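Engineer: experimental structure and its sequence below.
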Amino acid sequence: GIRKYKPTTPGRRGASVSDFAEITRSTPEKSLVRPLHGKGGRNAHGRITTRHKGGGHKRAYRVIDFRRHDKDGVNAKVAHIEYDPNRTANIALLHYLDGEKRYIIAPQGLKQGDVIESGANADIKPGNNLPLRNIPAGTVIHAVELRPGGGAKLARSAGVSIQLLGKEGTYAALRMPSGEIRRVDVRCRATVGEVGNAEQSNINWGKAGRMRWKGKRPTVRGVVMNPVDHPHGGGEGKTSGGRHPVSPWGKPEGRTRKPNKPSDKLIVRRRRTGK
Amino acid sequence: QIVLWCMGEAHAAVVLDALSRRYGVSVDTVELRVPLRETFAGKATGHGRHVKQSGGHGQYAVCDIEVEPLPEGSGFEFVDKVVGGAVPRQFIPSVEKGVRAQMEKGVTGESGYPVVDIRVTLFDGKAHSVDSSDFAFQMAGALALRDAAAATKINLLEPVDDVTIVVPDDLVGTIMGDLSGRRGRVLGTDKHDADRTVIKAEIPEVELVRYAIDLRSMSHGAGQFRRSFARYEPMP
RNA sequence: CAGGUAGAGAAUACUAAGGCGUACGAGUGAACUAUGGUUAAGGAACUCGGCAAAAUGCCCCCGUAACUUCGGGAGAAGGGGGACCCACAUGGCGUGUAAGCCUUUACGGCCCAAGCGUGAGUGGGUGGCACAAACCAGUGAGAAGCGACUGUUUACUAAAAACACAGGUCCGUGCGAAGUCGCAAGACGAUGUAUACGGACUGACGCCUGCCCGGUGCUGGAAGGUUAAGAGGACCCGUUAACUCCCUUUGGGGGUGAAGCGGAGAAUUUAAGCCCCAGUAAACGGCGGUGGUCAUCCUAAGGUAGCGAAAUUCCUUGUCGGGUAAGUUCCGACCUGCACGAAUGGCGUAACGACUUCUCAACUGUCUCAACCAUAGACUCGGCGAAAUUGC
RNA sequence: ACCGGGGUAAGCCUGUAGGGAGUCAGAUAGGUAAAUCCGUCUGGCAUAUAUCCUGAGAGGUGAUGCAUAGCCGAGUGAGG
RNA sequence: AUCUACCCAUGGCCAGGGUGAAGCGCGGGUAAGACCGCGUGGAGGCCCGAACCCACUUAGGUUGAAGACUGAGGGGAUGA
Ligand SMILES: [Mg+2]
Ligand SMILES: [Mg+2]
Ligand SMILES: [Mg+2]
Ligand SMILES: [Mg+2]
Ligand SMILES: [Mg+2]
Ligand SMILES: [Mg+2]
Ligand SMILES: [Mg+2]
Ligand SMILES: [Mg+2]
Ligand SMILES: [Mg+2]
Ligand SMILES: [Mg+2]
Ligand SMILES: [Mg+2]
Ligand SMILES: [Mg+2]
Ligand SMILES: [Mg+2]
Ligand SMILES: [Mg+2]
Ligand SMILES: [Mg+2]
Ligand SMILES: [Mg+2]
Ligand SMILES: [Mg+2]
Ligand SMILES: [Mg+2]
Ligand SMILES: [Mg+2]
Ligand SMILES: [Mg+2]
Ligand SMILES: [Mg+2]
Ligand SMILES: [Mg+2]
Ligand SMILES: [Mg+2]
Ligand SMILES: [Mg+2]
Ligand SMILES: [Mg+2]
Ligand SMILES: [Mg+2]
Ligand SMILES: [Mg+2]
Ligand SMILES: [Mg+2]
Ligand SMILES: [Mg+2]
Ligand SMILES: [Mg+2]
Ligand SMILES: [Mg+2]
Ligand SMILES: [Mg+2]
Ligand SMILES: [Mg+2]
Ligand SMILES: [Mg+2]
Ligand SMILES: [Mg+2]
Ligand SMILES: [Mg+2]
Ligand SMILES: [Mg+2]
Ligand SMILES: [Mg+2]
Ligand SMILES: [Mg+2]
Ligand SMILES: [Mg+2]
Ligand SMILES: [Mg+2]
Ligand SMILES: [Mg+2]
Ligand SMILES: [Mg+2]
Ligand SMILES: [Mg+2]
Ligand SMILES: [Mg+2]
Ligand SMILES: [Mg+2]
Ligand SMILES: [Mg+2]
Ligand SMILES: [Mg+2]
Ligand SMILES: [Mg+2]
Ligand SMILES: [Mg+2]
Ligand SMILES: [Mg+2]
Ligand SMILES: [Mg+2]
Ligand SMILES: [Mg+2]
Ligand SMILES: [Mg+2]
Ligand SMILES: [Mg+2]
Ligand SMILES: [Mg+2]
Ligand SMILES: [Mg+2]
Ligand SMILES: [Mg+2]
Ligand SMILES: [Mg+2]
Ligand SMILES: [Mg+2]
Ligand SMILES: [Mg+2]
Ligand SMILES: [Mg+2]
Ligand SMILES: [Mg+2]
Ligand SMILES: [Mg+2]
Ligand SMILES: [Mg+2]
Ligand SMILES: [Mg+2]
Ligand SMILES: [Mg+2]
Ligand SMILES: [Mg+2]
Ligand SMILES: [Mg+2]
Ligand SMILES: [Mg+2]
Ligand SMILES: [Mg+2]
Ligand SMILES: [Mg+2]
Ligand SMILES: [Mg+2]
Ligand SMILES: [Mg+2]
Ligand SMILES: [Mg+2]
Ligand SMILES: [Mg+2]
Ligand SMILES: [Mg+2]
Ligand SMILES: [Mg+2]
Ligand SMILES: [Mg+2]
Ligand SMILES: [Mg+2]
Ligand SMILES: [Mg+2]
Ligand SMILES: [Mg+2]
C-alpha cells in the first residue's frame, strides 16, 4: 500500500511512501550480493553520454535468476520477500529442496511459504516457470525470453504483465505491456502471474532532494539556454506546426526505430497512441 | 481584598463598565472569600529548639510551652511558670511575640488560618551566655508552638451570621423549604407587616454570598433581608 | 588535544598552564579625514528611499487575532515578576557510607542516619536612580505585486521576478532499444525492460467550459442483424396564450419562442449462424433533437466564440468617496453596445522571501543645527626613503 | 587563617553491568571433482538466569620500583 | 581539471537550545468505526543559534595590509 505523510513541512505536504507491507526481511543474502558503483552517465571515454544522472545513494546488486533452466523438477519454497534498490519490483528468495538459494522477481499474490516449481510439468500457479509451449493460451505471464535460452527480458517492472494471445506453429503471439502484438518462439520460457508492487506508480516523492537521493540530477529546459547551446528558439512549435520539440542535437520529432530490421518480421503490429 | 456590592446583575455590569471606563480600572472578577479562624481541638505541649550561628550575633534559644483548647471568643492568653529564671525576663517578650506571630501565620499547613482562643503556658527553657537573642527566642517559641500543635487536632470555625428574612406570608413556606436545603435553622417567622414576614434565622456566612439575589428572584422584588455575624461554628 | 568562574553553550567576559608585547620611534589639546562616545527641545521635518544609527533582546508565569492546505500563523500581539538577608528547612529532590534486612554467598539485592550536591515556592525584611544592572541578547503590526516552498546563479559592479524543483501533458523506445560518445570495435542507457528509459514544454495545491456511437476510420474482442422474465432509475405518458407557415386526420411541430409541473417506467447485466454491433470523438468526426448530466437514436476533416463559464482588464471617455493639512502605492462602488482574454491558460491561495512598493507604533544627530571628548593619521623632531608625471 | 601536596602505564590475573547464541542424530549432490564443512529436509530433546561467546569498568599485580610537595648544602657546575 | 565546473572511490565534521510526525499503550465514542484526550516515541530539504560554508547592506581601502580585502551588521547551518 501507500502511506501518506502528514503535511508537517513543505517538503512533505503531498508526499507519500511505499508501505513496505510485503517485505519480510530487511537484509539480503550475503552470498547473492555483488558490488556495484555508480557511473554518473559517463561512458568509457569519460564523457557524459546520458545526462541528468549522478549522485544518489550507494547500492549493492542482488543476483537475479532470469535464466531458470538449471533447476527443472526441483521444487523450491519462498523464504522471504524483500527490497531491491536496483529495480521497481520486490525480489523473492527461493530455497530449493536441492539446497540452493536463488532470487527471482516477486509476482503478485505470492506469500511466504508457498511452493514454486518449474519445468514442463509444473502447474499454472503464479510463480511457476514454464516453456511457452506448456502454458495454456490466455494466461497472464511475465519475465519472458526473446530467444530460446537468452534469459528473461520482457515484462519485468512492477505491476506489469503480458497476455499470451495464442500459439501457431513454432511461434506464440503475445501482447506486450505497451500494447503491441509480438511473436516469439514457443521454446522460450516465462513465469506465470503478474509482478508485485502494483501501487508503485502512485508514490508522490514530494521534494527535490528525495529524487536526488535516487540519482537523478536537475534538467534545464531548452528555451532558457543560449542559441549556441540548444536549437530551440528557432522554429517555435506551440500551435503552429509540428516542430514543437527539437532535441539538443537538432533532431526533430518522428519515428526513431530503425527501418529494415530483422525483428520487424516478428512484429504482428506496433503499439498505438492517441485515443 | 476589595469587595463591591451591587443590587443585582445588570447594575453590577453597569457599575463595572463605569469603573473600567470613567476611571480605567482594569480588573477581573474573582471569588469572594469569607473570614475564617482556627481553634484548638485538644491540649498538647511543644518543644522549640533553635540554632543559627550567622556572621553577626550568634543565635541559639530553646523554649517549652503548653497550649490548651479554649472556648470560642476567649482570645489569646499567656501564663508563664518558669522556675528559677531559666530563660531571661527580657526575652519573655521575644518568645511571646514570636508565638503571637506564629499563631497569626496559622498552624494548618502553609494555609494555616488565624488560630484563635488559645492559651500558651511556658514552663521550661534553656539559656546560653552569649547565644541568647530576641530573634532566637522568637523562633524558639514559634517552633514550640508548632510542636504543640502537631500533637492534637485543629478545628476550623466559620462565622454564622444572623439573617432576618422578610418574605410575604404566602412565600414563608418557600423559604422554609429552601432554607431546609440550605442547612438552615428557623428561629421564628414574625409577621413583618400585613403581607411580609420577618424570619429569624442564623446561617453560615458561606451561604449568604448569593442569598439576596435568589431571595429577590423568588420573591419577585418582595425580598428584603439583613445579615449580621453572630458567632463561629465548626465544619459540619 | 579542550583547565577555572559566570553561562544552555566549543557564544561572550575575566583568568590558569603556556605564549607574546611582532622589528621605526619621540612629541604635540590646528583644520580636515577615519573609528568610537555623549547630547537640551523637537522626533523622519532629512532623503530617491528611515541609507546609517538608535531601538527590541534573557528566564519564569499569564495571555494570544484575521486566515488556513488544519500542519500552521506563533516567540503573534499584550501584561507581570527577576538583587541581597532571614524563616519555613535537621524540609523536598539526587547520591550514598555506617547501621540493618534478605538470598541461588557474591565483582550479590533492598532500605539507608551521617556526609556531599541542588532546585523551585511561600512569608517577612534590607539597599539603590537602576536588580535579564557589565558582556551577551528578536523591533512589532497592517496592505499590494511576483515567485508555491528549502535550494542554484553571472570567481572580480547584477542573488532576483532569473535557473532548478516536487506535480502535470505530449512525443519517441519491444531491447548489444530509442538517445549519446566514437571512422570503427566498444561503451553509457542498465547488470535496467513500457509502473522502464530518453526528449520537449509547463511548474505546489484548488476552481468554474458543453451537445454524442449511423456511415467511415482505429482498437480489443461477442457486449452482437433475432433476442426469456427479473436485476438495471432521467425522461415520455394526464395536463398548451400570442402568432408566420405546416402535417396528419377524432390535434401537434418549426420560426420571434415565456415559465411552469409530477409518477406507471427507457438499456450495458444473464442463453443458439458467415456479416456485425459495441469501446473511443469536436485526436476521422461532429454541432441537432431528445431527457439530463456515456442511457433508443440520428452529423467525415472547423480549436473554431466553445457558450452568452458577472473574480474580469489599460476600462478617468465620468460619478465618487477612504487615506494626508497638502496623496503616492493602494482600497472600495457605480459608465465605456464596439476595446479586451483566459478554460487549459486563466482568475484564487495558507506558509515561505538578505525580492519590489506602501502605511502605522516605538526609536533615534537622518534632520532643525550643530557642540564637545579619545584614539589612528595629518602636524614638529631624529632614521631609512619611493611614485605616477615631466618640450621648456 | 592562608599556601602547596593529597601521584604512577602497557601487560598479566579475575570475568561484573550490557549484548549475542538452541542442541543431537539421520538423509541428501546442490556448493566446476570430494567432503565429516556449508546449505536443504526429516525426526529426538530443550525453554532452562542452564551453558558458551563477547565484554566497558571495579579489584589484584606490575610497583621493596618510578615519580613528587618540600628540605639541605655547592659553585665551571658537580652532589644529595 | 594542483584554480574552477561536474562526476567517481574512500574518510572526516556539524557547540548549545527548542518544537513534537508516524507508530505503540490506556481512556472516551460506537454494534463495530470515524474521531477525540492522556502517556511513551523522537520524524523533519523543521525553528533559534557557534564552529563551517556563503556574500544582502553600509563605511573604509581605491600608486591598498590585499591584482577583489577589512570593520560592523547579514543568509544557511541533519542537508539538493
Ligand atoms: Mg581514456
Ligand atoms: Mg532526462
Ligand atoms: Mg526496488
Ligand atoms: Mg510519479
Ligand atoms: Mg510536496
Ligand atoms: Mg525544469
Ligand atoms: Mg538567459
Ligand atoms: Mg533570455
Ligand atoms: Mg561552450
Ligand atoms: Mg544553431
Ligand atoms: Mg529553436
Ligand atoms: Mg501555448
Ligand atoms: Mg509553450
Ligand atoms: Mg492552421
Ligand atoms: Mg499542418
Ligand atoms: Mg570554558
Ligand atoms: Mg572566545
Ligand atoms: Mg603568565
Ligand atoms: Mg606615536
Ligand atoms: Mg599639533
Ligand atoms: Mg586631534
Ligand atoms: Mg563622531
Ligand atoms: Mg537630542
Ligand atoms: Mg533628551
Ligand atoms: Mg512617521
Ligand atoms: Mg525635503
Ligand atoms: Mg519627506
Ligand atoms: Mg518622492
Ligand atoms: Mg538599517
Ligand atoms: Mg545598533
Ligand atoms: Mg503563544
Ligand atoms: Mg513574545
Ligand atoms: Mg503575525
Ligand atoms: Mg539476619
Ligand atoms: Mg532478600
Ligand atoms: Mg549500607
Ligand atoms: Mg528606594
Ligand atoms: Mg533575538
Ligand atoms: Mg540576528
Ligand atoms: Mg490584484
Ligand atoms: Mg503598478
Ligand atoms: Mg522563489
Ligand atoms: Mg507559481
Ligand atoms: Mg532561498
Ligand atoms: Mg557579480
Ligand atoms: Mg539575495
Ligand atoms: Mg551582489
Ligand atoms: Mg539563473
Ligand atoms: Mg518534471
Ligand atoms: Mg517528470
Ligand atoms: Mg542505437
Ligand atoms: Mg508512452
Ligand atoms: Mg515539448
Ligand atoms: Mg502547479
Ligand atoms: Mg515558466
Ligand atoms: Mg506562473
Ligand atoms: Mg478542427
Ligand atoms: Mg483597463
Ligand atoms: Mg487621486
Ligand atoms: Mg485601485
Ligand atoms: Mg491554450
Ligand atoms: Mg494573481
Ligand atoms: Mg501571494
Ligand atoms: Mg529574496
Ligand atoms: Mg550655529
Ligand atoms: Mg597623531
Ligand atoms: Mg622626517
Ligand atoms: Mg620616475
Ligand atoms: Mg588545601
Ligand atoms: Mg550441516
Ligand atoms: Mg587496573
Ligand atoms: Mg512528549
Ligand atoms: Mg502520538
Ligand atoms: Mg533547518
Ligand atoms: Mg530560516
Ligand atoms: Mg558562490
Ligand atoms: Mg585615499
Ligand atoms: Mg595601511
Ligand atoms: Mg564587506
Ligand atoms: Mg562579515
Ligand atoms: Mg551568521
Ligand atoms: Mg540558522
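Structural biologist: Cool, got the structure. Numbers count the residues shown, from 1 in each chain, chains lettered A, B, ... in the order given. Ligands and ions are numbered 1, 2, ... in the order given.
Engineer: mind telling me which residue of chain B is nearest ligand 11?
Structural biologist: residue B:26 (72.2 Å; Cβ to the ion). (Each C-beta comes from the backbone N, C-alpha and C, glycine too.)
Engineer: please apply the same query to the stretch 1-150 of chain A.
Structural biologist: Nearest residue of the stretch 1-150 of chain A to ligand 11 (Cβ to the ion) works out as residue A:51 at 18.6 Å.
Engineer: report how many residues lie close to that residue.
Structural biologist: When neighbours are defined as other Cβ atoms under 10 Å in any protein chain shown, residue A:51 has 11 of them.
Engineer: go on, residue A:113?
Structural biologist: Using other Cβ under 10 Å, residue A:113 has 8 neighbouring residues.
Engineer: equivalent analysis for residue A:239, please.
Structural biologist: Number of residues near residue A:239 (other Cβ under 10 Å) recorded here: 6.
Engineer: do the same with the one 5 residues further on
Structural biologist: Counted with other Cβ under 10 Å, residues neighbouring residue A:244 total 14.
Engineer: surely it and residue A:238 touch.
Structural biologist: Yes - between residue A:244 and residue A:238 there is a contact at 6.6 Å, judged by Cβ atoms under 8 Å.
Engineer: for these two, list the residues in contact with both.
Structural biologist: Shared contacts of residue A:244 and residue A:238 (Cβ atoms under 8 Å, 6 or more residues apart in numbering or on different chains): none.
Engineer: in chain B, which residue is closest to the centre?
Structural biologist: The centroid of chain B falls nearest to residue B:37 when counting by Cα atoms, centre = their mean (2.1 Å).
Engineer: which non-adjacent residue is nearest that one?
Structural biologist: Leaving aside its sequence neighbours, residue B:37 sits nearest to residue B:116 (Cβ to Cβ, 6 or more residues apart in numbering or on different chains; 4.7 Å).
Engineer: could I get the contacting residues of residue A:56?
Structural biologist: A:38, A:212, A:213, A:214, A:215, A:216.
Engineer: from what I can see the fifth one touches residue A:54, true?
Structural biologist: Yes - using Cβ under 8 Å, residue A:215 is in contact with residue A:54, at 6.6 Å.
Engineer: common neighbours of those two, please.
Structural biologist: Jointly contacting residue A:215 and residue A:54 under the rule Cβ under 8 Å, 6+ apart are residue A:38.
Engineer: helices of the chain, residue ranges please.
Structural biologist: All of this refers to chain A. Ranges of helices in chain A, per DSSP state H, are A:208-213.
Engineer: wait, chain B
Structural biologist: B:10-22, B:92-105, B:134-149, B:172-180, B:211-219.
Engineer: distance between the ends of stretch A:225-240?
Structural biologist: Taking Cα to Cα, to the nearest Å, stretch A:225-240 runs 22 Å from one end to the other.
Engineer: give me the number of residues near the residue in chain B positioned nearest to RNA strand C?
Structural biologist: Taking Cβ to the nearest atom of the strand, RNA strand C has its nearest neighbour within chain B at residue B:52, 3.9 Å off. Residues near residue B:52, counting by other Cβ under 10 Å, number 14.
Engineer: tell me which residues touch it, please.
Structural biologist: By Cβ under 8 Å, 6+ apart, the residues touching residue B:52 are B:58, B:59, B:60, B:136, B:139.
Engineer: returning to that earlier point: so which of the helices of chain B is nearest ligand 5?
Structural biologist: Comparing those against ligand 5 with Cβ to the ion, the closest turns out to be helix B:10-22 (50.1 Å).
Engineer: now do the closest one: distance to the chain's middle.
Structural biologist: Distance of helix B:10-22 from its chain centroid, counting by Cα atoms, centre = their mean, to the nearest Å, is 32 Å.
Engineer: what's that helix in contact with?
Structural biologist: Here helix B:10-22 makes contact (Cβ under 8 Å, 6+ apart) with B:4, B:6, B:25, B:26, B:27, B:29.
Engineer: rerun at 7 Å
Structural biologist: Contact with helix B:10-22 is made by B:4, B:6, B:25, B:26, as judged by Cβ atoms under 7 Å, 6 or more residues apart in numbering or on different chains.
Engineer: show me how far the longest strand anywhere in chain B is from its chain's centre.
Structural biologist: Longest strand of chain B, by residue count under DSSP state E: strand B:154-168. Between the centre of strand B:154-168 and the centre of its chain there are 14 Å (Cα atoms, centre = their mean).
Engineer: strand partners of it, parallel vs antiparallel please.
Structural biologist: Here strand B:154-168 has these sheet partners by DSSP bridges: strand B:37-40 (antiparallel), strand B:196-204 (antiparallel), strand B:224-234 (antiparallel).
Engineer: mind giving me the domain ranges of chain A?
Structural biologist: Per CATH domains of a matching chain, the structural domains of chain A span A:1-114, A:118-195, A:196-275.
Engineer: indicate which one of those is closest to residue B:175.
Structural biologist: Judged by Cβ to Cβ, the one of the domains of chain A that comes nearest to residue B:175 is domain A:1-114, at 61.8 Å.
Engineer: what comes up buried for stretch B:207-227?
Structural biologist: Across stretch B:207-227, burial judged by 16 or more other Cβ atoms under 10 Å in any protein chain shown covers B:207, B:208, B:211, B:212, B:215, B:216, B:219, B:223, B:224, B:225.
Engineer: err, stretch A:136-154, not the other one
Structural biologist: The neighbour-count check on stretch A:136-154 (16+ other Cβ under 10 Å) flags A:139, A:141, A:142, A:143, A:144, A:145, A:146, A:151, A:152, A:154 as buried.
Engineer: could you tell me which residues make contact with the residue nearest to residue B:74 when sequence neighbours are not counted?
Structural biologist: Nearest residue to residue B:74, sequence neighbours excluded (Cβ to Cβ, 6+ apart): residue B:117, at 4.1 Å. By Cβ under 7 Å, 6+ apart, the contact set of residue B:117 is B:39, B:70, B:71, B:72, B:73, B:74, B:75.
Engineer: how about those residues in JSON lines, adding distance to RNA strand C?
Structural biologist: Converted to JSON lines, the contacts of residue B:117 look like this (distance: Cβ to the nearest atom of the strand, whole Å):
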{"residue": "B:39", "distance to RNA strand C": "21"}
{"residue": "B:70", "distance to RNA strand C": "25"}
{"residue": "B:71", "distance to RNA strand C": "29"}
{"residue": "B:72", "distance to RNA strand C": "26"}
{"residue": "B:73", "distance to RNA strand C": "27"}
{"residue": "B:74", "distance to RNA strand C": "26"}
{"residue": "B:75", "distance to RNA strand C": "22"}
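Engineer: which residues of the stretch 151-275 of chain A lie near RNA strand E?
Structural biologist: Within the stretch 151-275 of chain A, the positions near RNA strand E by Cβ under 7 Å from any atom of the strand are A:207, A:208, A:209, A:210, A:212, A:213, A:215, A:217, A:218.
Engineer: just put the residues you listed in TSV and tack on distance to residue A:22 and neighbour count.
Structural biologist: Shown next, in TSV, are these (distance: Cβ to Cβ, whole Å; neighbours: other Cβ atoms under 10 Å in any protein chain shown):
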residue	distance to residue A:22	neighbour count
A:207	26	16
A:208	29	10
A:209	27	9
A:210	22	15
A:212	27	16
A:213	22	12
A:215	24	18
A:217	31	14
A:218	33	8
